[PDB]
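Text of data20.cif, listed as mmCIF, C-alpha atoms:
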data_input
loop_
_atom_site.label_atom_id
_atom_site.label_comp_id
_atom_site.auth_asym_id
_atom_site.auth_seq_id
_atom_site.Cartn_x
_atom_site.Cartn_y
_atom_site.Cartn_z
CA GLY A 1 10.64 -43.58 16.89
CA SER A 2 8.26 -40.67 17.43
CA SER A 3 5.09 -39.93 19.40
CA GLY A 4 2.85 -37.04 20.38
CA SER A 5 0.66 -34.71 18.33
CA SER A 6 -1.65 -31.71 18.64
CA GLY A 7 -3.91 -29.49 16.55
CA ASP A 8 -5.86 -26.47 17.75
CA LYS A 9 -7.67 -25.85 14.47
CA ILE A 10 -9.35 -22.77 15.95
CA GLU A 11 -9.95 -19.92 13.49
CA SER A 12 -12.70 -18.11 11.59
CA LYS A 13 -15.25 -18.83 14.33
CA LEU A 14 -18.71 -17.82 13.13
CA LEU A 15 -17.11 -16.12 10.12
CA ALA A 16 -17.69 -17.02 6.47
CA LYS A 17 -16.10 -15.23 3.52
CA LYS A 18 -16.29 -15.79 -0.24
CA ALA A 19 -12.83 -14.46 -1.10
CA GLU A 20 -9.69 -13.85 0.96
CA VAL A 21 -10.50 -10.42 2.39
CA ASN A 22 -7.25 -10.12 4.34
CA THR A 23 -6.09 -6.57 3.59
CA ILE A 24 -5.79 -3.08 5.06
CA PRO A 25 -8.31 -0.32 4.25
CA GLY A 26 -5.38 2.08 4.12
CA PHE A 27 -1.68 1.99 4.97
CA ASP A 28 -0.75 4.91 7.22
CA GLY A 29 2.69 3.55 8.08
CA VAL A 30 5.86 4.78 6.41
CA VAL A 31 8.19 3.74 3.59
CA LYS A 32 11.94 3.41 4.11
CA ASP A 33 13.03 2.86 0.51
CA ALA A 34 11.53 2.72 -2.98
CA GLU A 35 11.67 -1.08 -2.92
CA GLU A 36 9.61 -1.12 0.27
CA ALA A 37 7.16 1.35 -1.28
CA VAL A 38 6.45 -1.19 -4.03
CA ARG A 39 5.81 -4.10 -1.67
CA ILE A 40 3.37 -2.08 0.43
CA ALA A 41 1.61 -0.67 -2.63
CA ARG A 42 0.95 -4.09 -4.14
CA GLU A 43 -0.71 -5.09 -0.86
CA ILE A 44 -2.94 -2.02 -1.01
CA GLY A 45 -3.76 -2.60 -4.66
CA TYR A 46 -2.88 -0.20 -7.47
CA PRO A 47 -3.37 2.46 -8.21
CA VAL A 48 -1.58 3.71 -5.09
CA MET A 49 -1.17 7.34 -4.03
CA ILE A 50 2.16 8.45 -2.58
CA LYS A 51 2.44 11.48 -0.30
CA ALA A 52 5.06 12.95 2.03
CA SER A 53 4.58 11.81 5.63
CA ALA A 54 6.12 15.07 6.85
CA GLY A 55 3.38 16.88 4.96
CA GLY A 56 1.56 15.35 2.02
CA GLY A 57 -1.24 17.24 0.30
CA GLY A 58 -2.82 15.74 -2.80
CA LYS A 59 -1.80 18.87 -4.69
CA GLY A 60 1.92 18.42 -5.29
CA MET A 61 2.49 14.73 -4.60
CA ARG A 62 2.55 11.95 -7.20
CA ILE A 63 0.66 8.71 -7.79
CA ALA A 64 1.89 5.31 -8.98
CA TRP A 65 0.09 2.54 -10.87
CA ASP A 66 2.90 -0.01 -11.13
CA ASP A 67 6.07 -0.98 -9.27
CA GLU A 68 7.93 1.08 -11.87
CA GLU A 69 5.87 4.19 -11.12
CA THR A 70 6.00 3.56 -7.37
CA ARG A 71 9.78 3.87 -7.56
CA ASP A 72 10.00 6.82 -9.95
CA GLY A 73 7.51 8.65 -7.76
CA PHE A 74 9.08 7.52 -4.50
CA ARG A 75 12.54 8.76 -5.48
CA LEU A 76 11.13 12.24 -6.09
CA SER A 77 8.38 12.31 -3.47
CA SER A 78 10.95 11.26 -0.87
CA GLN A 79 13.52 13.80 -2.06
CA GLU A 80 10.88 16.52 -1.79
CA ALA A 81 10.00 15.83 1.85
CA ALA A 82 13.74 15.80 2.55
CA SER A 83 13.75 19.48 1.58
CA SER A 84 10.22 20.52 2.55
CA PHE A 85 10.22 19.37 6.18
CA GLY A 86 13.70 17.86 6.24
CA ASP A 87 12.93 14.16 6.50
CA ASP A 88 12.26 11.74 3.64
CA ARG A 89 9.28 10.12 5.35
CA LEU A 90 6.80 9.09 2.65
CA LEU A 91 3.26 7.68 2.67
CA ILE A 92 1.11 5.28 0.65
CA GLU A 93 -2.69 5.32 0.43
CA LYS A 94 -5.26 3.53 -1.72
CA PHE A 95 -6.33 5.54 -4.77
CA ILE A 96 -9.86 4.99 -6.07
CA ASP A 97 -11.16 7.14 -8.92
CA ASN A 98 -14.75 6.02 -8.33
CA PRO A 99 -16.50 6.81 -5.02
CA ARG A 100 -17.26 3.10 -4.75
CA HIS A 101 -14.98 0.60 -3.01
CA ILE A 102 -14.60 -2.47 -5.23
CA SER A 103 -11.81 -4.03 -3.18
CA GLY A 104 -10.60 -6.94 -5.29
CA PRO A 105 -9.26 -7.87 -8.75
CA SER A 106 -9.29 -5.54 -11.75
CA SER A 107 -8.56 -5.45 -15.49
CA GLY A 108 -5.00 -4.92 -16.68
#
Written as structure tokens, that's how I'd like the structure from this file.
Amino acid sequence: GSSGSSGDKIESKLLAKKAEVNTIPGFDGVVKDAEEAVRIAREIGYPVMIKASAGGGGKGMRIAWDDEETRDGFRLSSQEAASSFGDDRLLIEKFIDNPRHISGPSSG
């Protein structure tokens, strides 16, 4: 025998979207390991730029387009920061060739 129920059902008040737009305009956090770098990247949407948290600088870092690249680049990018500043703190930002933001799906 059971009894009792409830349902708030309160969300998206006065908000209407066409496609799930639940994403971050740019991840400024930090990656712990290559594996983690891949998970975060996917969320951001490839291509994904990878820089050294300790420093960074587009000139010198590497960019990834697929989990495979994210790792290959993370292993090095991380190793670099470990010698440049000392720590292996890395970074992941959204890379967009065109000046336009077409957040969404893409050919592949």
If the PyMOL selection byres ((chain A and resi 44) around 8) were run on this exact file, what residues would it hold? Put them as a compact mmCIF listing (two decimals) with C-alpha atoms, in the coordinates of the input.
# COMPACT_ATOMS: atom_id res chain seq x y z
CA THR A 23 -6.09 -6.57 3.59
CA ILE A 24 -5.79 -3.08 5.06
CA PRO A 25 -8.31 -0.32 4.25
CA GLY A 26 -5.38 2.08 4.12
CA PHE A 27 -1.68 1.99 4.97
CA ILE A 40 3.37 -2.08 0.43
CA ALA A 41 1.61 -0.67 -2.63
CA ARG A 42 0.95 -4.09 -4.14
CA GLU A 43 -0.71 -5.09 -0.86
CA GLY A 45 -3.76 -2.60 -4.66
CA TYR A 46 -2.88 -0.20 -7.47
CA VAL A 48 -1.58 3.71 -5.09
CA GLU A 93 -2.69 5.32 0.43
CA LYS A 94 -5.26 3.53 -1.72
Inset, instruction - Using only C-alpha atoms, find all polymer residues with an atom at most 10 Å away from the point (4.5, 7.7, -2.1); report them as number ranges by chain. - result: A: 30-31, 34, 37-38, 41, 48-53, 56, 61-64, 69-78, 89-93
Atoms to include: C-alpha atoms. Write the selected residues as a compact mmCIF listing (two decimals), keeping the file's coordinate frame.
# COMPACT_ATOMS: atom_id res chain seq x y z
CA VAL A 30 5.86 4.78 6.41
CA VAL A 31 8.19 3.74 3.59
CA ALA A 34 11.53 2.72 -2.98
CA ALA A 37 7.16 1.35 -1.28
CA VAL A 38 6.45 -1.19 -4.03
CA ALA A 41 1.61 -0.67 -2.63
CA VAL A 48 -1.58 3.71 -5.09
CA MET A 49 -1.17 7.34 -4.03
CA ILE A 50 2.16 8.45 -2.58
CA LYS A 51 2.44 11.48 -0.30
CA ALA A 52 5.06 12.95 2.03
CA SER A 53 4.58 11.81 5.63
CA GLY A 56 1.56 15.35 2.02
CA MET A 61 2.49 14.73 -4.60
CA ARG A 62 2.55 11.95 -7.20
CA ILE A 63 0.66 8.71 -7.79
CA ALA A 64 1.89 5.31 -8.98
CA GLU A 69 5.87 4.19 -11.12
CA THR A 70 6.00 3.56 -7.37
CA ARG A 71 9.78 3.87 -7.56
CA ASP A 72 10.00 6.82 -9.95
CA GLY A 73 7.51 8.65 -7.76
CA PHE A 74 9.08 7.52 -4.50
CA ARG A 75 12.54 8.76 -5.48
CA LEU A 76 11.13 12.24 -6.09
CA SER A 77 8.38 12.31 -3.47
CA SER A 78 10.95 11.26 -0.87
CA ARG A 89 9.28 10.12 5.35
CA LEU A 90 6.80 9.09 2.65
CA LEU A 91 3.26 7.68 2.67
CA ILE A 92 1.11 5.28 0.65
CA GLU A 93 -2.69 5.32 0.43
Inset, instruction - Could you tell me which residues the PyMOL selection byres ((chain A and resi 107) around 12) grabs in this file, written as a PyMOL selection string? - result: chain A and resi 46-47+104-106+108
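Atom pair atom CA of residue A:96 / atom CA of residue A:36 has a distance of 21.4 Å (rounded to one decimal).
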Inset, instruction - Quick one: pull the distance between atom CA of residue A:103 and atom CA of residue A:65, Å, one decimal. - result: 15.6 Å
Inset, instruction - Tell me, in Å to one decimal, how far atom CA of residue A:32 is from atom CA of residue A:80. - result: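 Pair atom CA of residue A:32 / atom CA of residue A:80 returns 14.4 Å.
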Inset, instruction - Would you please work out which residue, of A:18, A:13, A:39, A:101, is nearest to residue A:68 when using all atoms listed in the file? - result: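 Going through A:18, A:13, A:39, A:101 one by one, the smallest distance to residue A:68 is for A:39.
With all atoms listed in the file as the basis for measurement, A:84 is the residue among A:28, A:79, A:84, A:66 that approaches residue A:54 most closely.
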Hey, could you patch up stretch 45-78 of chain A with N, CA and C atoms and hand it over as a PDB file, in the frame of the given file?
ATOM      1  N   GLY A  45      -3.075  -2.448  -3.391  1.00  0.00           N
ATOM      2  CA  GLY A  45      -3.760  -2.600  -4.660  1.00  0.00           C
ATOM      3  C   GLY A  45      -3.734  -1.334  -5.492  1.00  0.00           C
ATOM      4  N   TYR A  46      -2.990  -1.362  -6.592  1.00  0.00           N
ATOM      5  CA  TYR A  46      -2.880  -0.200  -7.470  1.00  0.00           C
ATOM      6  C   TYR A  46      -4.244   0.164  -8.056  1.00  0.00           C
ATOM      7  N   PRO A  47      -4.414   1.452  -8.392  1.00  0.00           N
ATOM      8  CA  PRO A  47      -3.370   2.460  -8.210  1.00  0.00           C
ATOM      9  C   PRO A  47      -3.110   2.777  -6.743  1.00  0.00           C
ATOM     10  N   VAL A  48      -1.947   3.356  -6.461  1.00  0.00           N
ATOM     11  CA  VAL A  48      -1.580   3.710  -5.090  1.00  0.00           C
ATOM     12  C   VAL A  48      -1.013   5.123  -5.027  1.00  0.00           C
ATOM     13  N   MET A  49      -1.621   5.960  -4.194  1.00  0.00           N
ATOM     14  CA  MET A  49      -1.170   7.340  -4.030  1.00  0.00           C
ATOM     15  C   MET A  49       0.013   7.420  -3.079  1.00  0.00           C
ATOM     16  N   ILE A  50       0.975   8.274  -3.410  1.00  0.00           N
ATOM     17  CA  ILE A  50       2.160   8.450  -2.580  1.00  0.00           C
ATOM     18  C   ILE A  50       2.327   9.899  -2.151  1.00  0.00           C
ATOM     19  N   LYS A  51       2.293  10.131  -0.843  1.00  0.00           N
ATOM     20  CA  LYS A  51       2.440  11.480  -0.300  1.00  0.00           C
ATOM     21  C   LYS A  51       3.603  11.538   0.687  1.00  0.00           C
ATOM     22  N   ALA A  52       3.968  12.752   1.088  1.00  0.00           N
ATOM     23  CA  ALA A  52       5.060  12.950   2.030  1.00  0.00           C
ATOM     24  C   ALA A  52       4.552  12.932   3.471  1.00  0.00           C
ATOM     25  N   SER A  53       4.992  11.940   4.239  1.00  0.00           N
ATOM     26  CA  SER A  53       4.580  11.810   5.630  1.00  0.00           C
ATOM     27  C   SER A  53       4.711  13.140   6.364  1.00  0.00           C
ATOM     28  N   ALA A  54       5.863  13.784   6.206  1.00  0.00           N
ATOM     29  CA  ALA A  54       6.120  15.070   6.850  1.00  0.00           C
ATOM     30  C   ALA A  54       5.000  16.060   6.553  1.00  0.00           C
ATOM     31  N   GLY A  55       4.449  15.981   5.345  1.00  0.00           N
ATOM     32  CA  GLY A  55       3.380  16.880   4.960  1.00  0.00           C
ATOM     33  C   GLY A  55       2.293  16.182   4.163  1.00  0.00           C
ATOM     34  N   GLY A  56       2.530  16.008   2.866  1.00  0.00           N
ATOM     35  CA  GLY A  56       1.560  15.350   2.020  1.00  0.00           C
ATOM     36  C   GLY A  56       0.857  16.319   1.081  1.00  0.00           C
ATOM     37  N   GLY A  57      -0.471  16.353   1.149  1.00  0.00           N
ATOM     38  CA  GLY A  57      -1.240  17.240   0.300  1.00  0.00           C
ATOM     39  C   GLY A  57      -1.374  16.713  -1.118  1.00  0.00           C
ATOM     40  N   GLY A  58      -2.577  16.269  -1.466  1.00  0.00           N
ATOM     41  CA  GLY A  58      -2.820  15.740  -2.800  1.00  0.00           C
ATOM     42  C   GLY A  58      -2.217  16.611  -3.884  1.00  0.00           C
ATOM     43  N   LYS A  59      -2.334  17.924  -3.718  1.00  0.00           N
ATOM     44  CA  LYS A  59      -1.800  18.870  -4.690  1.00  0.00           C
ATOM     45  C   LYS A  59      -0.293  19.030  -4.524  1.00  0.00           C
ATOM     46  N   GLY A  60       0.470  18.334  -5.362  1.00  0.00           N
ATOM     47  CA  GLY A  60       1.920  18.420  -5.290  1.00  0.00           C
ATOM     48  C   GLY A  60       2.577  17.052  -5.315  1.00  0.00           C
ATOM     49  N   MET A  61       1.953  16.083  -4.652  1.00  0.00           N
ATOM     50  CA  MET A  61       2.490  14.730  -4.600  1.00  0.00           C
ATOM     51  C   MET A  61       2.293  14.015  -5.934  1.00  0.00           C
ATOM     52  N   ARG A  62       2.679  12.744  -5.983  1.00  0.00           N
ATOM     53  CA  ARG A  62       2.550  11.950  -7.200  1.00  0.00           C
ATOM     54  C   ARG A  62       1.886  10.609  -6.907  1.00  0.00           C
ATOM     55  N   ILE A  63       1.321   9.995  -7.941  1.00  0.00           N
ATOM     56  CA  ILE A  63       0.660   8.710  -7.790  1.00  0.00           C
ATOM     57  C   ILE A  63       1.298   7.652  -8.689  1.00  0.00           C
ATOM     58  N   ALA A  64       1.310   6.410  -8.216  1.00  0.00           N
ATOM     59  CA  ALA A  64       1.890   5.310  -8.980  1.00  0.00           C
ATOM     60  C   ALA A  64       0.836   4.260  -9.312  1.00  0.00           C
ATOM     61  N   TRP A  65       1.028   3.574 -10.434  1.00  0.00           N
ATOM     62  CA  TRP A  65       0.090   2.540 -10.870  1.00  0.00           C
ATOM     63  C   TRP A  65       0.787   1.191 -10.983  1.00  0.00           C
ATOM     64  N   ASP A  66       2.115   1.214 -11.019  1.00  0.00           N
ATOM     65  CA  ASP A  66       2.900  -0.010 -11.130  1.00  0.00           C
ATOM     66  C   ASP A  66       4.240   0.138 -10.415  1.00  0.00           C
ATOM     67  N   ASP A  67       4.793  -0.982  -9.966  1.00  0.00           N
ATOM     68  CA  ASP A  67       6.070  -0.980  -9.270  1.00  0.00           C
ATOM     69  C   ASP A  67       7.010   0.074  -9.859  1.00  0.00           C
ATOM     70  N   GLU A  68       7.072   0.125 -11.187  1.00  0.00           N
ATOM     71  CA  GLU A  68       7.930   1.080 -11.870  1.00  0.00           C
ATOM     72  C   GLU A  68       7.597   2.512 -11.451  1.00  0.00           C
ATOM     73  N   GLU A  69       6.313   2.855 -11.500  1.00  0.00           N
ATOM     74  CA  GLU A  69       5.870   4.190 -11.120  1.00  0.00           C
ATOM     75  C   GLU A  69       6.106   4.446  -9.637  1.00  0.00           C
ATOM     76  N   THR A  70       5.815   3.442  -8.815  1.00  0.00           N
ATOM     77  CA  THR A  70       6.000   3.560  -7.370  1.00  0.00           C
ATOM     78  C   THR A  70       7.411   4.011  -7.033  1.00  0.00           C
ATOM     79  N   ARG A  71       8.386   3.515  -7.787  1.00  0.00           N
ATOM     80  CA  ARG A  71       9.780   3.870  -7.560  1.00  0.00           C
ATOM     81  C   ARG A  71      10.071   5.280  -8.072  1.00  0.00           C
ATOM     82  N   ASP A  72       9.777   5.517  -9.346  1.00  0.00           N
ATOM     83  CA  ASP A  72      10.000   6.820  -9.950  1.00  0.00           C
ATOM     84  C   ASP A  72       9.381   7.931  -9.110  1.00  0.00           C
ATOM     85  N   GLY A  73       8.192   7.665  -8.580  1.00  0.00           N
ATOM     86  CA  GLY A  73       7.510   8.650  -7.760  1.00  0.00           C
ATOM     87  C   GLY A  73       8.067   8.721  -6.353  1.00  0.00           C
ATOM     88  N   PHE A  74       8.522   7.583  -5.841  1.00  0.00           N
ATOM     89  CA  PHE A  74       9.080   7.520  -4.500  1.00  0.00           C
ATOM     90  C   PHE A  74      10.403   8.278  -4.419  1.00  0.00           C
ATOM     91  N   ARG A  75      11.241   8.098  -5.435  1.00  0.00           N
ATOM     92  CA  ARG A  75      12.540   8.760  -5.480  1.00  0.00           C
ATOM     93  C   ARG A  75      12.375  10.278  -5.385  1.00  0.00           C
ATOM     94  N   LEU A  76      11.390  10.809  -6.101  1.00  0.00           N
ATOM     95  CA  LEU A  76      11.130  12.240  -6.090  1.00  0.00           C
ATOM     96  C   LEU A  76      10.356  12.653  -4.846  1.00  0.00           C
ATOM     97  N   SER A  77       9.211  12.010  -4.628  1.00  0.00           N
ATOM     98  CA  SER A  77       8.380  12.310  -3.470  1.00  0.00           C
ATOM     99  C   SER A  77       9.210  12.337  -2.193  1.00  0.00           C
ATOM    100  N   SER A  78      10.094  11.355  -2.049  1.00  0.00           N
ATOM    101  CA  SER A  78      10.950  11.260  -0.870  1.00  0.00           C
ATOM    102  C   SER A  78      11.939  12.426  -0.828  1.00  0.00           C
TER     103      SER A  78
END
